[PDB]
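One letter stands for each residue in the lines below.
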Amino acid sequence: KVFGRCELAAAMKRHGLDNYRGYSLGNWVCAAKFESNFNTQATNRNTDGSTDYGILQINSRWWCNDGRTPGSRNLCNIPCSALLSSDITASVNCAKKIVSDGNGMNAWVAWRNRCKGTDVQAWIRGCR
Ligand SMILES: [Cl-]
Ligand SMILES: [Cl-]
Ligand code: NA
């Protein structure tokens, strides 16, 4: 599923991401824009052989199982395919664990390089 911007904002807010760990909703929408272009089916291979999955590009090296990242962890206890569903519950629950682990949203490289320090409220402007 390719979410609309305001559609994703509403889903993220309903699942409790707005101000989670102090990160306002626009931070999460901006991160999703540049991680996946709002596409739940997005996948990208990393240099180390792990893969990033879903709207927030969660990495099989630590967070989910895809059966092809030898030596990785599965800290969210889910198959990586669950992060590609049109229903974003699994991705949000896993993102909550990631952002709680010490480095905040710096865990998302695209957030650090393209969202951090910018006017992230722009990403929820106009939405109901
Ligand atoms: Cl915001
Ligand atoms: Cl933080
Ligand atoms: Na894994």
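As annotated in the PDB entry, the protein chain carries the name Lysozyme C and comes from Gallus gallus. This deposition appears in the PDB under the title "Crystal structure of lysozyme by macromolecular crystallography". Recorded in UniProt under Function, the annotation for the protein chain is "Lysozymes have primarily a bacteriolytic function; those in tissues and body fluids are associated with the monocyte-macrophage system and enhance the activity of immunoagents. Has bacteriolytic activity against M.luteus." Taken directly from UniProt, the Subunit text for the protein chain runs: "Monomer."

(A) Structural context of the packing of aromatic side chains. Using the criterion set out here, one finds four aromatic pairs in the structure. Considering the side-chain rings of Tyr23 and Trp28, the 6.4 Å spacing of their centres and the 75 degrees angle between planes classify their relative orientation as edge-to-face. Judged by its relative accessible area of 18%, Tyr23 falls in the buried class. Overall, the relative accessible area of 0% leaves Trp28 in the buried class. Both rings, one in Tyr23 and one in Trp111, keep their centres 5.6 Å apart while their planes meet at 85 degrees; by these two values the pair is edge-to-face.

(B) A look at the side chain of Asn27. Among the structural elements, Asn27 can be located in helix α2 (residues 25-36). Within the local environment of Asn27, its side chain forms a polar contact with the side chain of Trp111, the two groups lying 2.9 Å apart. Beyond its immediate stretch of four places on either side in the chain, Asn27 contacts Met105, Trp111 and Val120.

(C) Region of the structure containing helix α1 (residues 5-14). Among the residues of α1, those classed as buried are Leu8, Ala9, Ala11 and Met12. Along α1, the residues classed as buried sweep out an arc of 165 degrees about the axis, all on the same side. Turned more than 90 degrees away from the buried face of α1 sit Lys13 and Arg14, all of them exposed. One or two positions beyond α1, positive phi appears at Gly16, with a value near 85 degrees.

Cut-offs applied
- Residues numbered from 1 in each chain as written, not as in the entry; some residues may be left out.
- Chains lettered and ligands numbered in written order.
- Heavy atoms only, no water.
- UniProt positions renumbered as here; feature names shortened; annotations may be inferred.
- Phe/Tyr/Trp six-rings, centres within 6.5 Å; stacked < 30°, edge-to-face > 60°.
- Buried < 20%, exposed > 50% of the residue type's maximum accessible area, 1.4 Å probe, protein only.
- Helix = DSSP H or I, 4+ residues; strand = E, 2+ residues; numbered from the N terminus.
- Polar contact = N/O pair within 3.5 Å; in protein donor to acceptor, adjacent residues only side chain to side chain.
- Contact = heavy atoms within 4.5 Å.
- Arc of directions from axis to C-beta.

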